[PDB]
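We name chains A, B, ... by the order of the sequence lines, and we start the count at 1 in each one. Heavy-atom basis, side chains included; hydrogens, waters and symmetry copies ignored.
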Amino acid sequence: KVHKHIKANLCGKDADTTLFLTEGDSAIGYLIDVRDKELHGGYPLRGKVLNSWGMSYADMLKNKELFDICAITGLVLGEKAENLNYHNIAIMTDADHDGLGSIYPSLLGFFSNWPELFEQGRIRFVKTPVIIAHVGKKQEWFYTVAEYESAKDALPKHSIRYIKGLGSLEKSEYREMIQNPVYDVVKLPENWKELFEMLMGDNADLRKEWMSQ
Amino acid sequence: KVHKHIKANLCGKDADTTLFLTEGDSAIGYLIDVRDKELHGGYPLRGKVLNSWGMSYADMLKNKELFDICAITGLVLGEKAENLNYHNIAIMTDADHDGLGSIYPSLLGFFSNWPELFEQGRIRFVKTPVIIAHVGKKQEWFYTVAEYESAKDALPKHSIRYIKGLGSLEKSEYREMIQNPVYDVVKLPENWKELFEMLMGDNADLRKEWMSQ
Amino acid sequence: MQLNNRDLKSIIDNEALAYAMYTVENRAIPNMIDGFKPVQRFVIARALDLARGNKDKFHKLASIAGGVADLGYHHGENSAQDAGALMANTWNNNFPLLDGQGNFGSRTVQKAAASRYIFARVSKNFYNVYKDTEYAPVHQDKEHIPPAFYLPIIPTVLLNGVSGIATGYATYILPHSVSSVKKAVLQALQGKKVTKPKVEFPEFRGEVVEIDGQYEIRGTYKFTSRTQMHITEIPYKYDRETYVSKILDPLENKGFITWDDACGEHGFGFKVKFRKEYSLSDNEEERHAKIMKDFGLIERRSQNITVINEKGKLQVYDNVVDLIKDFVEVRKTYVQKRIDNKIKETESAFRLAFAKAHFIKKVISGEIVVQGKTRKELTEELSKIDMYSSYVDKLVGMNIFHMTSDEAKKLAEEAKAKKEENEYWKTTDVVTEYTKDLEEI
Amino acid sequence: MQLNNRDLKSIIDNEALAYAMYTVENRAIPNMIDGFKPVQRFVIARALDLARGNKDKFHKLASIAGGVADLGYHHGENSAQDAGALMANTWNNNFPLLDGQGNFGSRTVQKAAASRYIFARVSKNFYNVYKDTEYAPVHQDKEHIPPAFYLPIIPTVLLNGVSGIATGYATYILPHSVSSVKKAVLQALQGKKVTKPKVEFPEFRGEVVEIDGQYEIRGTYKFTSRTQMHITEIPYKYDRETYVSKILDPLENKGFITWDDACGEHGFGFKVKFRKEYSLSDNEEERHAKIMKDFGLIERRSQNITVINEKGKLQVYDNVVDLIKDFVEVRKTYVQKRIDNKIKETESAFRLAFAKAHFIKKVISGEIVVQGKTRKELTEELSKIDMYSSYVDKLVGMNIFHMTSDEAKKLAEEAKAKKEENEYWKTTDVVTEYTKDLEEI
DNA sequence: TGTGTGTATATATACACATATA
DNA sequence: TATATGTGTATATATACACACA
Ligand SMILES: [Mg+2]
């Protein structure tokens, strides 16, 4: 057993059970209350995920988080994904810059050693509001800061709430985003190896050309 | 061998070497700068000391802080103190209630395993100001809160600084308290066992009776 | 270098005794009046200072904990953060005194999120119950910015439940229903037979039975079939992880049960299927006892009502009714103090308003012109008049428009209104004011 | 359930790119003008907010870090605590912008105490070189309470030494002497040839040498005998633990040396006694080279001057003189902005003061008699007058004591003084004000 | 091919104290 | 005998990123 794994009732058996990969303990406290007990499980991932591009499998498994991810599911780092405890893996991290642009693509890189979960659509991202604007009598949700800045001008007088992490949301909003999900089904392009090598790699000059355009 | 232990240049040689038992690592700062390099060594503890009264030797040695007081010194739990790396043991702790009310008497109870150390005056307490009052153009140093309250009414207009720990002191004040130290030499009374049993024994009714007078 | 001998008896009788009495009277035993440990008093005083401007603004718990050190807090700010996070939740308090924004924990996970995530503000319960803050006692410590204790109208120490451990003493008070406490306070204030308040646990759908002083907190189970059983509630002390690891896990590895989670929006719920190895008796009473004992569905709790009274010393109460009576007797004195202070303040305000109105009426139509003179000599000339005496810095500090028709009458009407307020405050008594305050709830 | 496909290319080009650019432009690379990383700017803004009413009061690092989230800080307060501790060390900064109380570390132990002990306030250096805060640019985010950047008169990015790692870009600028930087700034402002500022480390008694764009930081040793030597200084990259565990102890556990701690008022003093098997060559040059190499007494550094300019973009400089020239060119514009705004504000102030002073003389036996009319009568009749067209509200809001000769002549004196000051502000130029404010350091 | 720098992400531990309950 | 509750005393640990210097 895994200490902080929260098992779904149908986990391991034949169902569409989804594993929720939060980026901390604080982001999963409300998950067990607002989830589908038969079909949802969770596991908190501590901090920034290991940069596992070009690493060996033995080096990969030396990380507690990656080892626990492989243990909770049926994923063997050198074998195919055939018999898994969870049908879907739903990465649901904090929507700020660190969670969305560092932990999420690194987790995608770690899951890229099984480039068939992506093809079958079993790798998902749970959209989470980074900005919650109290416009008049209604709450508007902005998932990325760029969207809010683009749409900030054409709104009436309001006050915004910045969602630093999923522990900043209330149970009503957590329940709304869990039982009424917005899923981004990640699909790997033909040249996914080049995009992963550029962002995750030894050469830092490849990130300078990319960042200058 | 012992990590975090700063060694005196005459540790293991015939000299008036002193070991400063410091509560925490933030309090060990500025000691390496203001200490007598040939005669003063230091070791940072970690918070509250394990209650060692009535304990077995194999159980006291399981505490890392107590284990690294018998390694830094030549102290053996079941043997007399005849070959010691440091001549004196100077307990210097934060002068707030917690430090000098729990850590100091607990350390005394631990060192009571060698009453010959107390008989030789090798166990000392380094008095440290808990309140520094800026009175006019001068500074008043109060080592205990009760000492400050006893003279607060007669003191003129002033502003007091409360010293939570040794990490709240300027380098000048740290140097003044180290190179011009005010020691209190601990002497065990004829019935020290009864006092230690009252303070640290498993019966809280004795503590209630002691506190009710 | 000074070397002074210090016997262990002196150390134990001074420093150790000071620490023990500090842990009792200033760390872990709550005050009887407001029900605050000193850290909670600091946290709520800082939250009030933060909410001075806008009362509906949510402030980060790190922001609240940072400023308590300037109010007289002498410890780490993580203790203040943890104390604040335990005061701003609706699963552990019957009468929360802070609203929280974010994940402050639940009955399943009794652990709030990190203080970098969650915000807090002073609750409407605090404003509804805690009255006469301006008349609260002044702490003997000049560096203690918050008062010695706040002045609520009902005993909050009985509402949320307190559990504290000190050196030599400990306190454990169970939470009570707000309605029963208010009714008991009303009965005590009116001079009646005080009915013992009922013990109520927040978010608890089970039973609480008082037997021989003990309190039995009982969960609920039902039987869907012969071998299937649904647990609808568990005793209040349990978590999801704690109950699973202590009861539900050391029953499946023993080959007795197979359990599934059903902890829906209602709260705690499980579905247990009994294997053939685990056998139940024929009758319902022994089977019920075995089931309710094996699954840990009974929690037995005793009450250790130890509180710091209004004099700062320790006090142990046999029951809750005596505590309520003592609280009411203490609070009536502060209601009387409020009445006296408001009488004096209304008298002073009426005197000032009438003096200003007379000064205006003399300026527009009278010998006083405030022209062709100086400031110091005008002040002396005003100080000549007995009525204008003691108000010379507030009479010449009035604006020009106060000499207009629309603003000369307003001063006289304000003087009349303040006189009527002073007359109102000179006829009420403690009982009526306290009854009105209770009626506010 | 809104199952929308999302390619990895779009993820990388939107969210990964946003995070990388945010790390470059908002976390790691300092601003060229004020020399602040955004966390440092938030800490400075909060400390300035806390300094209102008492410039000399010391505030806990917890107190400073708690309120930065209200100013628009979107990260955990621990990073703010660490940055604030690093900004008040003096042993690490040539120009400390925060004054510290407590243990903020030393060269021997390069680690500050916990934030629960240490206090900080705004240093006098900040008040000395950071001018024109009211004319600082406004950040495009309404929630970013501190300005886009502050406005120092000398480049503070060159004074304390900057090291920062972002995604794709990194910055490393060595500390420079404050006096040399000020002289170079004055030379650039006056249009003369600019001399390269000297690199100087805080509390370092070694030697710094420039060679082909690389800086050599050299410690010092002195031979007190044929076999015993005294290490008086070691390079700035070392603390006591690292030097002991990486240089002294590896040599000691090889039969080469035996070392004793000879530190004191000046840190990093050691006494090394060589053993028989460590052969000190008779050649003075070879002996010196061997002692430098074996004891790690030479550190080699190179700068990577990467900054954020006033437009928010990233700029890489190959020199410090170029940065100083660009900083002076940018700061001259803000000096001009200050001059223009002062002209406007002081003209408005003089107009208001003259209007008030003439209104008061026109109330003392004048055509305007306040008494006997309503509020609208004054607020409309005076609004008719051209001179009081936009000042009637402040005209009628003045106090009654502004009607005696003593306080009536003071209004005219204030008007005349404001007129003279505005006339003074209408003749100065950028160079004069810059020279005046530079020479006051 | 380590590695140290400093903002960020997230988390963890060992100690004391009492008293009822299991 | 063994837990556990809440206010306190002290610490700790993985990760990412660039790049020059060993
Ligand atoms: Mg300390």
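In this structure, the side chain of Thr306(D) does not engage the main chain of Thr171(D) through any donor-acceptor pair within 3.5 Å.
Which of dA20(E), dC21(F), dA10(F) sits closest to the side chain of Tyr117(D) comes down to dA10(F). The nucleotide whose nearest atom lies closest to any side-chain atom of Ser79(D) is, among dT9(E), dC17(E), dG8(F), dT9(E). For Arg27(C), whose side chain is taken as the heavy atoms from C-beta onward, the closest listed nucleotide among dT11(F), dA8(E), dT7(F) is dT7(F). Side chain of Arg116(D), nearest nucleotide from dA22(E), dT11(F), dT15(F): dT11(F).
Mapping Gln40(C) and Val49(A) onto DNA chain F via the closest heavy atom, the residue that lands nearer the 5' end is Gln40(C). Nearest-nucleotide mapping onto DNA chain E: of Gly47(B) and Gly201(B), the residue sitting toward the 5' end is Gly47(B). The 5' end of DNA chain F is approached more closely, in terms of each residue's nearest nucleotide, by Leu86(C) than by the other of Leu86(C) and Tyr19(D). Along DNA chain E, the nucleotide nearest to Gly24(A) and the one nearest to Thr167(C) differ in position, and the one closer to the 5' end is contacted by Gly24(A).
The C1'-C2'-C3'-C4' torsion of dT7(F) is negative, so its sugar falls on the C2'-endo, or south, side. A positive value of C1'-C2'-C3'-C4' puts the sugar of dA10(F) in the north, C3'-endo-like family. Nucleotide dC15(E) carries a north sugar pucker, as its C1'-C2'-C3'-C4' torsion angle is positive. Using the sign of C1'-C2'-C3'-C4' as the criterion, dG8(F) falls on the north side of the pucker cycle. The pentose of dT19(E) is categorized as south (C2'-endo side) on the basis of a negative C1'-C2'-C3'-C4' torsion.
Contacts of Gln214(D) with the nucleic acid, taken as non-hydrogen atoms under 4.0 Å apart, involve only primed sugar atoms and P, OP1 or OP2. In this structure, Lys37(C) reaches the sugar-phosphate backbone alone: every heavy-atom distance under 4.0 Å involves primed, P, OP1 or OP2 atoms, never a base. Across all strands shown, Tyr169(C) has heavy atoms under 4.0 Å from sugar-phosphate atoms exclusively, and none from any base. Within the nucleic acid shown, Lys293(C) has no heavy atom closer than 4.0 Å to any nucleic acid atom. The residue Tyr215(D) sits apart from the nucleic acid: no heavy atom pair falls under 4.0 Å. In this structure, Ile103(A) reaches neither bases nor backbone, as no heavy-atom distance under 4.0 Å exists between it and the strands shown. Contacts of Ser302(D) with the nucleic acid, taken as non-hydrogen atoms under 4.0 Å apart, involve only primed sugar atoms and P, OP1 or OP2. Counting any heavy atom pair closer than 4.0 Å across all strands shown, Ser26(A) reaches sugar-phosphate atoms only and no base atom. Note on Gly76(C): only backbone sugar-phosphate atoms sit closer than 4.0 angstrom, heavy atoms only; bases stay farther off. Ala28(C) comes within 4.0 angstrom of no nucleic acid atom, judged by non-hydrogen atoms across all strands. No contact: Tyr238(D) has no heavy atom under 4.0 Å from any strand. At the heavy-atom level, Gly99(A) lies nowhere under 4.0 Å from the strands shown.
Rounded to an integer number of Å, the gap from CZ of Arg46(B) to P of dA16(E) is 12 Å. The nearest whole Å value for the distance from the CD1 atom in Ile298(D) to the P atom in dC21(F) is 14 Å. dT5(F) atom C1' lies 14 Å from atom CD1 of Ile217(C), rounded to whole Å. Atom CG in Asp59(A) sits roughly 15 Å away from atom P in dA14(F) (whole-Å rounding). Per the geometry, CD belonging to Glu65(A) stands 11 Å off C1' belonging to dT13(F), to the nearest Å. One interatomic measurement links the two molecules: CH2 of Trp210(A) to P of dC17(F), which rounds to 10 Å at whole-angstrom precision. Look at CG on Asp96(A): it is 14 Å from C1' on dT7(E), rounded to the nearest Å. We find that CG of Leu174(C) is positioned 14 Å from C1' of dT21(E), with the value rounded to whole Å.
For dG4(E), the OP1/OP2 oxygens have no side-chain nitrogen or oxygen of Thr242(D) closer than 4.0 Å. Contact annotation: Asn78(C) side-chain N/O to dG8(F) OP1/OP2 distance is not under 4.0 Å. Between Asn51(B) and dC17(E) there is a side-chain polar atom (N or O) within less than 4.0 angstrom of OP1 or OP2. Within the structure, every side-chain polar atom (N or O) of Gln110(C) is placed at least 4.0 Å from both OP1 and OP2 of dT5(F). Between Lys62(A) and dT15(F) there is no side-chain polar atom (N or O) within less than 4.0 angstrom of OP1 or OP2. The side chain of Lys4(B) places an N or O atom within less than 4.0 Å of a non-bridging phosphate oxygen (OP1 or OP2) of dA12(F). In this model, the phosphate group of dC19(F) is approached by a side-chain N or O of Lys208(A) to a distance below 4.0 Å at OP1 or OP2. Phosphate proximity of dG4(E) to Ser163(D): absent, as no side-chain N or O sits under 4.0 Å from OP1 or OP2. The side chain of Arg207(A) contributes an N or O atom lying less than 4.0 Å from OP1 or OP2 of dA18(F). At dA14(F), none of the side-chain N or O atoms of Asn63(A) fall inside 4.0 Å of OP1 or OP2 (strictly under the cut-off). At least one side-chain nitrogen or oxygen of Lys164(A) sits closer than 4.0 Å to the OP1 or OP2 atom of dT9(E). Between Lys237(D) and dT3(E) there is no side-chain N or O to OP1 or OP2 distance below 4.0 Å. A sub-4.0 Å separation between OP1 or OP2 of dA22(F) and a side-chain N or O of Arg301(D) is absent. Not one side-chain nitrogen or oxygen of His75(D) sits closer than 4.0 Å to the OP1 or OP2 atom of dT7(E).
For NZ of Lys111(D), the number of neighbouring non-hydrogen atoms (other residues, nucleotides, ligands) closer than 6.0 Å is 12 at most.
Classification of the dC17(F)/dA18(F) step: not stacked, the six-membered rings not being both closer than 5.5 Å at their centres and less than 30° apart in plane orientation. Classification of the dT5(F)/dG6(F) step: not stacked, the six-membered rings not being both closer than 5.5 Å at their centres and less than 30° apart in plane orientation.
Side-chain contact between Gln303(C) and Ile173(C) is present, with heavy atoms from C-beta onward closer than 4.5 Å.
Salt bridge present: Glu216(C) and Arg300(C) bring a charged side-chain N and a carboxylate O closer than 4.0 Å. Of the charged side-chain nitrogens involved, at least one lies within less than 4.0 Å of a carboxylate oxygen, so that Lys4(B) and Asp25(B) count as a salt-bridged pair. Comment: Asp68(B) does not engage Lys64(B) in a salt bridge, judged by the lack of any side-chain N to carboxylate O separation of less than 4.0 angstrom. Electrostatic pairing of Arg301(C) and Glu299(C) counts as a salt bridge here, judged by a charged N lying under 4.0 Å from a carboxylate O.
No hydrogens or angles considered: a donor-acceptor pair under 3.5 Å links the side chains of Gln81(D) and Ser115(D). Judged purely by distance below 3.5 Å, without hydrogens or angles, the side chains of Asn93(C) and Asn89(C) pair a donor atom with an acceptor atom. A donor atom on one side chain and an acceptor atom on the other are found under 3.5 Å apart for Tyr19(D) and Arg27(D).
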